[PDB]
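Results of the structural survey
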Amino acid sequence: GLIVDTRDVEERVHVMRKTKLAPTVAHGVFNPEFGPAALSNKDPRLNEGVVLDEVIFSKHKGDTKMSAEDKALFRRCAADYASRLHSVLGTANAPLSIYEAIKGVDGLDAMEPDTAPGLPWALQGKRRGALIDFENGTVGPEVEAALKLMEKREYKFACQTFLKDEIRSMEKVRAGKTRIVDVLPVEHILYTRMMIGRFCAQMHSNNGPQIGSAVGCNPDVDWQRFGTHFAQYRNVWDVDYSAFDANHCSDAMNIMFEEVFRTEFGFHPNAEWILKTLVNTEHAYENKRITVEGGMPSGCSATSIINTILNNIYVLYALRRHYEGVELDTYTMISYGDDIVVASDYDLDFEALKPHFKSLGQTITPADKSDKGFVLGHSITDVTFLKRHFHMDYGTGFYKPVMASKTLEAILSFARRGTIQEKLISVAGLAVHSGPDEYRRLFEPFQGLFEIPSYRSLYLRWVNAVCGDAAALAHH
Ligand SMILES: [Mg+2]
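Residues numbered from 1 in each chain as written, not as in the entry; some residues may be left out. Heavy atoms only, no water. Residues with missing side-chain atoms left out of burial classes, pairs and counts.

Description of the packing of helix α3 (residues 68-89) against helix α12 (residues 303-322)
Relative orientation of the contacting elements α3 and α12 amounts to 125°, with a least axis distance of 9 Å. Classified by the angle between their axes, α3 and α12 sit oblique to one another. The hand of the α3/α12 crossing is right-handed. Here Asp70, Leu73, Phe74, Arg76, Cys77, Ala78, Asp80 and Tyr81 of α3 come into contact with α12, specifically with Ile309, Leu310, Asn312, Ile313, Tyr314, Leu316, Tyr317, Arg320 and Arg321. Considering only residue class, the contact of α3 with α12 consists of eleven nonpolar, one polar and five charged. (Axes fitted to C-alpha atoms, helices over the stretch in contact; angles between N-to-C directions. Helix = DSSP H or I, 4+ residues; strand = E, 2+ residues; numbered from the N terminus. Parallel < 35°, antiparallel > 145°, perpendicular 65-115°, else oblique. Left-handed = near helix turned anticlockwise from the far one by under 90°. Contact = heavy atoms within 4.5 Å. Nonpolar A, V, L, I, M, F, W, Y, C, P; charged D, E, K, R; others polar.)

Given below as structure tokens:
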């Protein structure tokens, strides 16, 4: 986005500056070129001269202003996508009640009861429990008053900046490229869910190439569904964005919200309004208040879905700006936020699409970065989606999601204190698709120290998950 205003106020917003992540027994074996991000300015690992709270906001390099003709094309692509989207999902997008927003419905998980509350509740020293009863799905006096303010459309707020405690590549750790979570007030998250929660549940349930969304998918079972779909196309592209979230221009965000969340699609009018409050934001970090115009915040209860919607419209936009007679069935795509796989039977010149994405403020590069950019003739087995490859399991004939060994090694090299046993079982769920030999090697350092699930047990669990009848039949 565009930093338009920076001022200092006499009230500090304290941030988490001590890492919860610690090395495991695997760190000594795998020696990964990875580590926890910098949470302090005076981290000894940082390049001696880097200022942490200048790199974390360096992503804000402006807010691209689109011309009239480009805006008119964007609205047309947004409307056509909304058309396809609501054709599949339906028009049952009536507001969720206070109770349903807290407890969640079928397709939407409950609100997290213990996570960060937001502002100004963090200054009052109040946890999420003091504001909202998560047991009974009711609200206290504080949230109640704010929800009434959101109905009148007079509610203003601040975003709280947290440093993301996570594993990052040593080059990024050393360069101070720590990511940030923009924690929004708990009432905003609740009300956003109230306004578009029903829509979000439907998008999770109906995920796939038809709506262009993988939000709500389980890669274990859905990789077969996705793989066989993209295997039928002549050309497949692996597209990468740089700073996808921050580079959403105000024009693109406003027009999208207007075209997708219309009342005629079954939405409450306030659905559009609450999403538009994400466009111009104020961010609180220590003594500094930074006003940003444009870009998506990280902590909205629908960032993945909003990002995914924009991604779909960007592809439609860029192709229509370059070629004539381009429709939704000219190509096919799956998206999860910034992550994207595109396919077509047409020889689409994606290299030529670069400045067309630039008119939206977005920069595209091929994932498997090779000489002279994007190339034709790539298939589904060549690409990466959600950090997973599309490999054929030769025992069943189904596509399996395979993560790279370096990534698995990195994930296994660090954990929060006391969570190791739970993390191991979870990562084993991902490591099973790498095969018996790699699986065994990856969990070698943990043997005798923790319970490691047998490859056999997890393989059989998977076969039934993807196709019950197959595992039923495999007993012929
Ligand atoms: Mg990718």
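Here we look at the nonpolar core
Most often, soluble globular proteins keep nonpolar side chains buried together rather than apart. If you look at the biggest cluster of nonpolar residues, it comprises 84 residues, and the most contacted ones within it are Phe74, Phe199, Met256, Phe261 and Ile306. Lining this core are residues from two domains, each supplying at least three of them: domain 1 (1-207 + 249-302) and domain 2 (208-248 + 303-403). Within the second largest apolar cluster, 22 residues are counted, among which are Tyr439, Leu442, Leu458 and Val463. (Core = buried A, V, L, I, M, F, W, Y, C linked by side-chain atoms within 4.5 Å. Buried < 20%, exposed > 50% of the residue type's maximum accessible area, 1.4 Å probe, protein only. Domains from an automatic or database assignment.)

Looking at the UniProt feature "binding site: UMP" (unreviewed entry) in the protein chain
When the UniProt feature table is mapped onto this chain numbering, "binding site: UMP" (unreviewed entry) sits at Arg179, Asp245 and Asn307. Along the chain, the position of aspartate 245 falls in the loop between β9 (235-241) and α10 (250-260). Among the residues examined, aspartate 245 registers a relative accessible area of 29% and is labelled partly exposed. As for its placement among the helices and strands, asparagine 307 is situated in helix α12. With a relative accessible area of 4%, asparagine 307 lands in the buried category. Within the structure, the side chain of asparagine 307 is placed 2.9 Å from the side chain of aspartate 245, a separation counted as a polar contact. (UniProt positions renumbered as here; feature names shortened; annotations may be inferred. Polar contact = N/O pair within 3.5 Å; in protein donor to acceptor, adjacent residues only side chain to side chain.)

Things to note about the domain arrangement of the protein chain
Many analyses report the size of an interface as the accessible area lost when the parts associate. The domain boundaries assigned to the protein chain delineate domain 1 (1-207 + 249-302), domain 2 (208-248 + 303-403) and domain 3 (404-476). Computed over C-alpha atoms only, the centres of domain 2 and domain 3 are separated by 28 Å. In total, about 1,200 Å² of surface goes out of reach between domain 2 and domain 3, with carbon and sulfur atoms giving 65% of it. When the buried surface of domain 2 facing domain 3 is broken down by residue, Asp220, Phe398 and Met403 rank first, second and third, together holding 49% of it. Remark: the boundary between domain 2 and domain 3 carries zero salt bridges. If you look at where domain 2 meets domain 3, you find four residue pairs in polar contact. (Buried area = accessible area lost by both parts, 1.4 Å probe. Salt bridge = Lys/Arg side-chain N within 4 Å of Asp/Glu carboxyl O.)

Some words on the environment of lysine 61
Along the chain, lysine 61 falls in the loop between α2 (52-55) and α3. Taking the C-alpha atoms as reference, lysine 61 lies 26 Å from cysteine 77; in sequence the two are 16 residues apart.

As for the sheet that holds strand β15 (residues 384-385)
If you walk across this open sheet you meet the three strands as β15-β16-β17, and the pairing is antiparallel. Edge strands, defined here as strands with exactly one partner in the open sheet, are β15 and β17 (399-402). Here strand β16 (residues 388-392) pairs with β17 via four bridges, running antiparallel. Bridge pairing in β17 links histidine 391 to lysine 400. Its contacts with the sheet put helix α9 (residues 219-230) on β15, β16 and β17, and the angle it makes with β17 is roughly 120°. (Pairing = 2+ DSSP bridges.)

Observations regarding helix α8 (residues 186-205)
If you look at α8, its biggest bend is around 70°, right at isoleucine 196. For α8, the buried fraction is high: 17 of the 20 residues fall into the buried class. (Bend = angle between axes of the 7 residues up to and from the residue.)

Points about the UniProt feature "binding site: Mg(2+)" (unreviewed entry) in the protein chain
Under the UniProt annotation, the feature "binding site: Mg(2+)" (unreviewed entry) is placed at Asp238, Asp240 and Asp339. The named residues occupy 102 residues along the chain; their greatest pairwise C-alpha distance, 8.9 Å, places them in one compact cluster. With respect to the element layout, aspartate 238 can be found in strand β9. Dropping the residues within four chain positions of it, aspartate 238 is found in contact with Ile340, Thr365, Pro366, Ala367, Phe374, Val383 and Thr384. Tracing the backbone shows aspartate 240 in strand β9. If we ignore the near neighbours within four places in the chain, the residues touching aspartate 240 are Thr363, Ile364, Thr365 and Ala367.

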